[PDB]
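Here's the structure, in structure tokens; my notes come after.
4 protein chains.
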Amino acid sequence: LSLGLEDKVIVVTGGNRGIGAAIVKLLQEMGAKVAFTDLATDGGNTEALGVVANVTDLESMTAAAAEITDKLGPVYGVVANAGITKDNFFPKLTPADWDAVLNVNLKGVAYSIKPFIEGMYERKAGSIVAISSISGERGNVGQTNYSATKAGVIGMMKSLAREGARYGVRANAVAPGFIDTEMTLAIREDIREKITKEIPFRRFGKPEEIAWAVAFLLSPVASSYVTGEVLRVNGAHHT
Amino acid sequence: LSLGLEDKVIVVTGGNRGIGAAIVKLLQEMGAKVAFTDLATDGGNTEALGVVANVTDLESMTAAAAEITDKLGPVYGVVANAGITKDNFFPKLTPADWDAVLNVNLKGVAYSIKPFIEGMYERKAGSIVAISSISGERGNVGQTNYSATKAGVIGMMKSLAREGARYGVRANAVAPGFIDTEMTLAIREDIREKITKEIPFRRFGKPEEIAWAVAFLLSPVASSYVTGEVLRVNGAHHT
Amino acid sequence: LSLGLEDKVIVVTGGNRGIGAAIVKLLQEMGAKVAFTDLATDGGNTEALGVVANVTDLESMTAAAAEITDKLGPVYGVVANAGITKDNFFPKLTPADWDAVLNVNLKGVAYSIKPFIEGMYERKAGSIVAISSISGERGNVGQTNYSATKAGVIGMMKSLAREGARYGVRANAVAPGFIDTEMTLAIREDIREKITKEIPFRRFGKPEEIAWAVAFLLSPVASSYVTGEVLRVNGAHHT
Amino acid sequence: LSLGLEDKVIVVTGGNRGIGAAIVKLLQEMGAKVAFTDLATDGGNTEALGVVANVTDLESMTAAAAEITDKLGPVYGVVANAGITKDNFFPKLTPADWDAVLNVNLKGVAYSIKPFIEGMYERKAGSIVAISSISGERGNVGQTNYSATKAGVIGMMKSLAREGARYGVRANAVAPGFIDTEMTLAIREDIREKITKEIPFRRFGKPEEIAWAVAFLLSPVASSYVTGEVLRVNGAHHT
Numbered sequence: 024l025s026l027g028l029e030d031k032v033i034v035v036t037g038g039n040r041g042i043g044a045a046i047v048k049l050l051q052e053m054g055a056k057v058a059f060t061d062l063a064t065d066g067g068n069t070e071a072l073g074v075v076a077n078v079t080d081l082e083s084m085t086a087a088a089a090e091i092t093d094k095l096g097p098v099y100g101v102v103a104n105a106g107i108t109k110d111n112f113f114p115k116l117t118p119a120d121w122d123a124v125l126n127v128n129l130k131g132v133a134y135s136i137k138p139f140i141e142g143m144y145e146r147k148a149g150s151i152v153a154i155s156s157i158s159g160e161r162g163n164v165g166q167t168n169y170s171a172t173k174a175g176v177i178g179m180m181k182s183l184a185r186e187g188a189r190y191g192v193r194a195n196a197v198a199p200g201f202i203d204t205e206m207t208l209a210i211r212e213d214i215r216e217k218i219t220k221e222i223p224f225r226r227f228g229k230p231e232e233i234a235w236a237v238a239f240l241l242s243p244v245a246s247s248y249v250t251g252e253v254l255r256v257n258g259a260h261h262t
Numbered sequence: 024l025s026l027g028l029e030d031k032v033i034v035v036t037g038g039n040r041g042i043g044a045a046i047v048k049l050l051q052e053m054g055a056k057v058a059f060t061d062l063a064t065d066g067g068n069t070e071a072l073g074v075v076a077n078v079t080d081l082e083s084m085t086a087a088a089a090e091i092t093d094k095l096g097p098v099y100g101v102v103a104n105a106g107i108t109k110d111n112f113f114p115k116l117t118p119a120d121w122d123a124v125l126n127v128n129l130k131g132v133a134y135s136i137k138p139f140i141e142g143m144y145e146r147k148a149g150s151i152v153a154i155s156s157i158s159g160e161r162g163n164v165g166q167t168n169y170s171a172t173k174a175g176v177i178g179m180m181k182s183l184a185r186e187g188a189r190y191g192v193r194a195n196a197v198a199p200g201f202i203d204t205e206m207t208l209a210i211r212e213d214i215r216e217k218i219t220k221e222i223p224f225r226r227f228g229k230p231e232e233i234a235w236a237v238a239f240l241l242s243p244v245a246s247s248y249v250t251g252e253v254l255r256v257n258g259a260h261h262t
Numbered sequence: 024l025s026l027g028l029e030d031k032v033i034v035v036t037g038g039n040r041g042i043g044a045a046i047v048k049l050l051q052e053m054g055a056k057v058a059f060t061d062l063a064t065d066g067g068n069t070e071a072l073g074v075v076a077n078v079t080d081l082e083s084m085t086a087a088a089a090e091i092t093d094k095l096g097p098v099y100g101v102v103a104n105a106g107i108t109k110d111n112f113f114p115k116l117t118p119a120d121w122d123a124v125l126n127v128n129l130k131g132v133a134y135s136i137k138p139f140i141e142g143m144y145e146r147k148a149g150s151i152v153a154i155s156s157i158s159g160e161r162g163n164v165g166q167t168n169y170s171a172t173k174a175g176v177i178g179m180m181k182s183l184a185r186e187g188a189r190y191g192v193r194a195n196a197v198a199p200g201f202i203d204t205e206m207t208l209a210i211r212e213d214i215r216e217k218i219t220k221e222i223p224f225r226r227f228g229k230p231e232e233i234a235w236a237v238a239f240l241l242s243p244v245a246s247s248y249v250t251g252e253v254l255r256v257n258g259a260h261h262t
Numbered sequence: 024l025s026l027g028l029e030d031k032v033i034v035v036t037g038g039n040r041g042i043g044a045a046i047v048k049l050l051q052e053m054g055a056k057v058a059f060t061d062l063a064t065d066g067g068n069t070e071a072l073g074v075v076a077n078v079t080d081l082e083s084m085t086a087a088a089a090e091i092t093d094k095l096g097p098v099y100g101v102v103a104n105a106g107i108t109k110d111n112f113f114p115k116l117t118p119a120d121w122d123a124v125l126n127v128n129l130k131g132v133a134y135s136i137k138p139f140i141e142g143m144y145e146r147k148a149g150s151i152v153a154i155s156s157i158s159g160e161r162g163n164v165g166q167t168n169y170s171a172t173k174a175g176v177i178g179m180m181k182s183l184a185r186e187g188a189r190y191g192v193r194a195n196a197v198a199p200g201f202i203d204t205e206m207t208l209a210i211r212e213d214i215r216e217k218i219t220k221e222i223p224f225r226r227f228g229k230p231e232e233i234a235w236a237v238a239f240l241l242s243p244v245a246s247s248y249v250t251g252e253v254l255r256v257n258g259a260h261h262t
């Protein structure tokens, strides 16, 4: 019948555009009280409570948590989705290129969870989901630093899963393959084709498809015994 | 809102008791036209179309397919769930102990899919799910033969996934941890405790919990881009 | 300095040609007393003790064990390498095509280990290695049955590893990518190229390269704490 | 006969004590010209060329590279082994606790490879190995940050493997289980026992055992086709 997500308060980092917006949108049409953090809050999602925050700044995220708790109530769900790339071959990557992705994609994830966690423990309820990636698990050329971080979140989620279990709090990861967002839609046609040919399903995925995987893991009904897991959504691109 | 499973015809092997019954029951309350095969069809599930069949016999399964197609219509979903154990330490296992699990758990799975596959290809639609196991992925003492087969189904599903993609047909696997069925509820209390202590979640899983994972993979709406994947439901017992 | 393999008795199934011959050859030049079983024993390896045996027949393998124990002494190492293919798309595969690969590749592996295991336990020493495959882990089109079995051996080895640990007996698996044997050297040039382009290393592997991985796992010196592991040799084809 | 490591120049980060010292020691007795970087260089390894350097400082590592190249010649091998812990439960971990492990264990690894990589590419030869961990792959309680980084190095190595293949340069990872170093030998007896009971092999591993796995991956002879792989050395603790 129903996923136990009605009136549940959920925070999505990076939820203004792209995959994050898609997660926000779907959770809304499941009856959740969704909030999102980002650098801009346009959206155009009206009913969503956008909060300008920066995952690399812990004060910024703790403030957003306070604002969200105050307006919507105690938080059940967190989707750590905000991430960036600084793509280049290993010897062309500067310390700045490492500092940037490590801050948003690794540190920023923990800073996105840290302001909601103690409360989740008190309420003995909560579902945490980090995003990504096929590059994190398989590896990717030019993404030696992106990959380190997307493989890093999987390790963070597995340990967090083992810590949170005594409170009935779950942590999992979704590892998307190549997904049609505005970013990947601007990549050269000849590169899109080379990649699409690697995918047995013969297409990139859609954002609403990642949203569904996140929803499944957030549902206290559909995945109550799922924790520490990586859910691959890649059309058999990586198996 | 809804998983695209209303009026969808789904076959569950081993669906009279245990986990299979739970999968049957939940698919029913999602509006699916569910059928099951087994050695007995009591159930007591009335509205479910029980067909006496044997996964080790291909004539038996092709007959059941014919009966099911005829009564309910063209098949969308298949859950290859029927499996057995012949547990013993490696040197105490007889050829009969190998023949038995290999037939039901490996061969029987392919024989459960073979009578529905050509039609799924014609209709360019279908979602296949094999079950198990934590023992298949981690290994288990006394289950050297059970494990070979539950690891074998994962390989079967990954290859089938890659073959079926050109028809929009998906294949995945669910790998349950230790689940409270009537079989595991009769295992010695001191062994149940030794195992339960290994599980961060501090309990065995429930059958309706495996049912939900199977439903997620069958949904053409919730997992349209999920294929070739293993979904672990183990409470972080194996991560 | 040296791998503790001098004067060690090692049995290699399928060791007359191909990868098996390569494993036999290298173990010999490490000072091991190597024997092999196969359907033919030409070899042309002279110093190797070829025994005509069939992995699908347990009497046949137990006889070979007796012969080998008698001529060379108590067995330390076993390489379960004999395997076959019956390649076809899932709906074109006959029960005979399933029975064949399941017997040689799954059952035949256990039947290759069963006649040496009780003695290894007595001597509290031994290293077991099964072969394969990239198809077992990734999946492969047209190899839905080969893959089920090569994924099956990994599960068998992980469980056997957990059982054999109390005797200091180790079990592991080597998962080769595409390897230049006489079989793969007869595959069409256009298919060889399509595959070779998938491999970052830009070549198929060589048999002496699989031999080295097997040697590493057999060495009681180099891998004394390695058990339950899969060693991939694929040139980053599957990561 | 021999691993192609005689007269090969190899750098080991964190090689003064513990596992690093063990790797240094074994490579030496394989005829390699080994150097190590660390915060102290006592050792007491005399013949090893200790260089005081800090993996978190890129100038410091590029200087060490220059010194090592100048004294020993062009570098073939790099073992990124230096790592630290700041163990605590997720909500007790400060930004400083994240910054520390992320710098040494993730960033520090890339900074250990960056000064040798361009030359390896020129010479079309090289083998890179990062360390760890069982916590990186499985997850561990109290190590939510250590784990993120040890899972991160695996992703870094897989991407680096795919980039370096066009130059015949290999990258792999060794994932040790619990190893008897001076650090783990000071952990409480009751915790050592709780952990040792989880290990089928019934003991922690030894440093010379990790050294052997690193040697295998560095050998241009024994692992010429091994790249992008994780080699687990855990006594079946994690399978």
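Residue numbers (my numbering), protein chains in the order written: chain A, 24 to 262; chain B, 24 to 262; chain C, 24 to 262; chain D, 24 to 262. No residue lacks a Cβ here, since even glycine has one placed at the ideal position from N, Cα and C.
Exercise. When the Cα atoms are used, what is the spatial distance from residue 81 (chain D) to residue 170 (chain A)?
Worked result: Taking the first residue of the fourth sequence as position 1, residue 81 (chain D) is located at position 58. Taking the first residue of the first sequence as position 1, residue 170 (chain A) is located at position 147. Cα-Cα distance, rounded: 21 Å.
For this session: Let me know the secondary structure DSSP gives residue 56 (chain C) once reduced to three states.
Result: Start at 1 with the first residue of the third sequence, and residue 56 (chain C) comes out as number 33. Per DSSP, reduced to three states, the secondary structure at residue 56 (chain C) is strand.
Exercise. When burial is assigned at 16 or more other CB atoms within 10 Å of the CB, is residue 240 (chain A) buried or exposed?
Worked result: If you number the first sequence from 1, residue 240 (chain A) lands on position 217. Flag for residue 240 (chain A) reads buried.
For this session: Taking residue 62 (chain C) as the reference, give the member of C:74, C:29, C:197 with the closest Cα.
Result: Position 39 of the third sequence, counted from the first residue, corresponds to residue 62 (chain C). Among C:74, C:29, C:197, the Cα nearest to that of residue 62 (chain C) belongs to C:74.
For this session: Whole angstroms is fine: what's the gap from residue 254 (chain A)'s alpha carbon to residue 200 (chain D)'s?
Result: Stepping through the first sequence from its first residue, residue 254 (chain A) is reached at position 231. Stepping through the fourth sequence from its first residue, residue 200 (chain D) is reached at position 177. A straight line joining the alpha-carbon of residue 254 (chain A) with that of residue 200 (chain D) spans about 25 Å.
For this session: Taking all protein chains shown into account, decide if residue 22 (chain D) is buried (16 or more other Cβ within 10 angstroms of its Cβ) or exposed.
Result: Residue 22 (chain D) cannot be examined here, being either before or after the span of chain D that is shown, 24 to 262.
Problem set entry | Three-state secondary structure (DSSP) of residue 165 (chain D) | Translated into positions along the fourth sequence, residue 165 (chain D) becomes position 142. Residue 165 (chain D): coil per DSSP, three-state reduction.
Problem set entry | Spatial distance of residue 174 (chain C) from residue 56 (chain A) (CA atoms) | Numbered from 1 along the third sequence, position 151 holds the residue referred to as residue 174 (chain C). Numbered from 1 along the first sequence, position 33 holds the residue referred to as residue 56 (chain A). Their Cα atoms are separated by approximately 44 Å.
For this session: For the beta strand (DSSP E) holding residue 36 (chain B), just list the boundary residues, first then last.
Result: For the purposes of this step, residue 36 (chain B) is taken as residue 13 along the second sequence, with counting starting at 1. Counting along the chain, the beta strand (DSSP E) containing residue 36 (chain B) begins and ends at 32-36.
For this session: Inspect the CB distances between the stretch 136-147 of chain D and the stretch 80-97 of chain D and report whether three or more fall short of 8 Å.
Result: Using a C-beta cut-off of 8 Å, the stretch 136-147 of chain D makes contact with the stretch 80-97 of chain D, since at least three inter-stretch Cβ pairs fall below that distance.
For this session: Look at the Cβ atom of residue 262 (chain D), then the Cβ atom of residue 161 (chain B), and state whether they are nearer than 8 Å.
Result: Looking up residue 262 (chain D) in the fourth sequence gives position 239. Looking up residue 161 (chain B) in the second sequence gives position 138. Their beta carbons are under 8 Å apart, which means residue 262 (chain D) touches residue 161 (chain B) by this criterion.
Exercise. According to a CB-to-CB cut-off of less than 7 Å, which residues of the stretch 159-173 of chain A neighbour chain D?
Worked result: Against chain D - using a Cβ distance shorter than 7 Å - the residues of the stretch 159-173 of chain A are 159, 161, 162, 163, 164, 166, 167, 170, 171, 172, 173.
For this session: Measuring alpha carbon to alpha carbon, tell me which of C:43, C:50, C:131 ends up nearest residue 204 (chain C).
Result: The residue given as residue 204 (chain C) occupies position 181 in the third sequence. Comparing Cα positions, the closest option is C:43.
For this session: State the start and end residues of the unbroken beta strand (DSSP E) segment that holds residue 151 (chain C).
Result: Position 128 of the third sequence, counted from the first residue, corresponds to residue 151 (chain C). 150-154 is the extent of the beta strand (DSSP E) around residue 151 (chain C).
Problem set entry | Reference residue 156 (chain D), options D:124, D:257, D:51, D:208, closest by Cα | Residue mapping note: residue 156 (chain D) aligns to position 133 of the fourth sequence, counting from 1. With respect to the C-alpha of residue 156 (chain D), the residue from D:124, D:257, D:51, D:208 having the closest C-alpha is D:257.
Problem set entry | Within chain D, partners of residue 107 (chain A) - CB distance below 8 Å | Counting from 1 along the first sequence, the entry for residue 107 (chain A) is found at position 84. Chain-order list of chain D residues neighbouring residue 107 (chain A): empty, with the shortest C-beta distance near 16 Å, by a criterion of under 8 Å.
Problem set entry | Bridge partners - residue 292 (chain D), DSSP secondary structure assignment | Because chain D is modelled from 24 through 262, residue 292 (chain D) falls outside the range shown and cannot be assessed.
Problem set entry | Endpoints, the beta strand (DSSP E) within which residue 67 (chain A) is located | Here residue 67 (chain A) corresponds to residue number 44 of the first sequence, with the count starting at 1. Note, residue 67 (chain A): premise wrong, no beta strand (DSSP E); not H, not E.
For this session: Report the rounded CA-to-CA distance for residue 196 (chain B) versus residue 28 (chain C), giving the unit in angstroms.
Result: Here residue 196 (chain B) refers to the residue found at position 173 when the second sequence is read from its first residue. Here residue 28 (chain C) refers to the residue found at position 5 when the third sequence is read from its first residue. Each residue's alpha carbon lies about 41 Å from the other.
Exercise. Closest to residue 83 (chain C) by CA distance: which of C:41, C:181, C:36 is it?
Worked result: On the third sequence, position 60 is the one that residue 83 (chain C) refers to. Each of C:41, C:181, C:36 was checked against the Cα of residue 83 (chain C), and the nearest Cα belongs to C:36.
Exercise. Taking DSSP as the reference, what is the three-state secondary structure of residue 213 (chain A)?
Worked result: As a first step, residue 213 (chain A) must be located in the first sequence, where it is residue number 190. Helix, per DSSP.
Problem set entry | CA nearest to the CA of residue 165 (chain A), picked from D:214, D:213, D:182 | In the first sequence, residue 165 (chain A) corresponds to position 142, counting from 1. That would be D:182, whose Cα lies nearest to the Cα of residue 165 (chain A).
Exercise. Quick one: does residue 246 (chain C) have its CB under 8 Å from some CB of chain B?
Worked result: Along the third sequence, read from residue 1 onward, the residue named residue 246 (chain C) stands at position 223. Interface flag for residue 246 (chain C) against chain B is unset, since no Cβ pair is found closer than 8 Å.
Exercise. What does residue 183 (chain B) touch in chain C if you count any residue whose Cβ is under 7 Å from its own?
Worked result: Start at 1 with the first residue of the second sequence, and residue 183 (chain B) comes out as number 160. Within 7 Å Cβ-Cβ: 113, 167.
Problem set entry | Among A:250, A:186, A:234, the one whose alpha carbon lies nearest that of residue 40 (chain A) | Here residue 40 (chain A) is taken as the residue at index 17 of the first sequence, counted from 1. Answer by Cα proximity: A:234.
Problem set entry | Helix, strand or coil at residue 111 (chain C) according to DSSP, with G and I counted as helix | To locate residue 111 (chain C), count along the third sequence from 1; it is residue 88. Strand at residue 111 (chain C).
For this session: Express the C-alpha separation of residue 179 (chain D) and residue 131 (chain D) in angstroms, rounding to a whole number.
Result: By one-based count along the fourth sequence, residue 131 (chain D) stands at place 108. By one-based count along the fourth sequence, residue 179 (chain D) stands at place 156. Residue 131 (chain D) and residue 179 (chain D) have their C-alpha atoms some 12 Å from each other.
Exercise. Nearest to residue 225 (chain B) by alpha carbon, out of B:217, B:26, B:24?
Worked result: Against the second sequence, residue 225 (chain B) aligns to sequence position 202. Looking at B:217, B:26, B:24, the one whose alpha-carbon comes closest to that of residue 225 (chain B) is B:217.
Exercise. Residues in its own chain within less than 8 Å of residue 188 (chain A) by CB, not counting five upstream and five downstream?
Worked result: Working through the first sequence from its first residue, we reach residue 188 (chain A) at position 165. Shown here for residue 188 (chain A): same chain residues with a beta carbon closer than 8 Å to its own, the five before and five after excluded, namely 250 in chain order.
For this session: For residue 103 (chain D), write down the residues that DSSP places opposite it in a beta bridge.
Result: Position 80 of the fourth sequence, counting from 1, holds the residue named residue 103 (chain D). As DSSP reads the structure, residue 103 (chain D) sits in a beta bridge with D:153.
Exercise. Mapping DSSP to helix, strand and coil, what is residue 127 (chain C)?
Worked result: The residue you call residue 127 (chain C) lines up with position 104 of the third sequence. The answer is helix: DSSP assigns residue 127 (chain C) an H, G or I state.
For this session: Kindly indicate the opening and closing residues of the alpha helix (DSSP H) around residue 43 (chain D).
Result: As a first step, residue 43 (chain D) is located in the fourth sequence; it is residue number 20 there, counting from the start. Start and end: 41-51.
For this session: State the Cα-Cα distance for the pair residue 184 (chain B) and residue 194 (chain B), rounded to the nearest angstrom.
Result: Stepping through the second sequence from its first residue, residue 184 (chain B) is reached at position 161. Stepping through the second sequence from its first residue, residue 194 (chain B) is reached at position 171. For residue 184 (chain B) and residue 194 (chain B), the distance between alpha carbons rounds to 5 Å.
For this session: Starting from the beta carbon of residue 153 (chain A), find every residue of chain B whose beta carbon is closer than 7 Å, and list them in chain order.
Result: One-based indexing of the first sequence puts residue 153 (chain A) at position 130. Neighbours of residue 153 (chain A) on chain B: none; closest Cβ ~14 Å, over 7 Å.
For this session: Determine whether the Cβ of residue 219 (chain B) lies closer than 8 Å to any Cβ atom of chain D.
Result: Here the question's residue 219 (chain B) lines up with position 196 in the second sequence. It does not; no Cβ of chain D falls within 8 Å.
Exercise. Going along chain D, which residues have a C-beta under 8 Å from residue 140 (chain A)?
Worked result: For this step, residue 140 (chain A) is matched to residue 117 along the first sequence. Those within 8 Å of residue 140 (chain A) in chain D are 113, 114.
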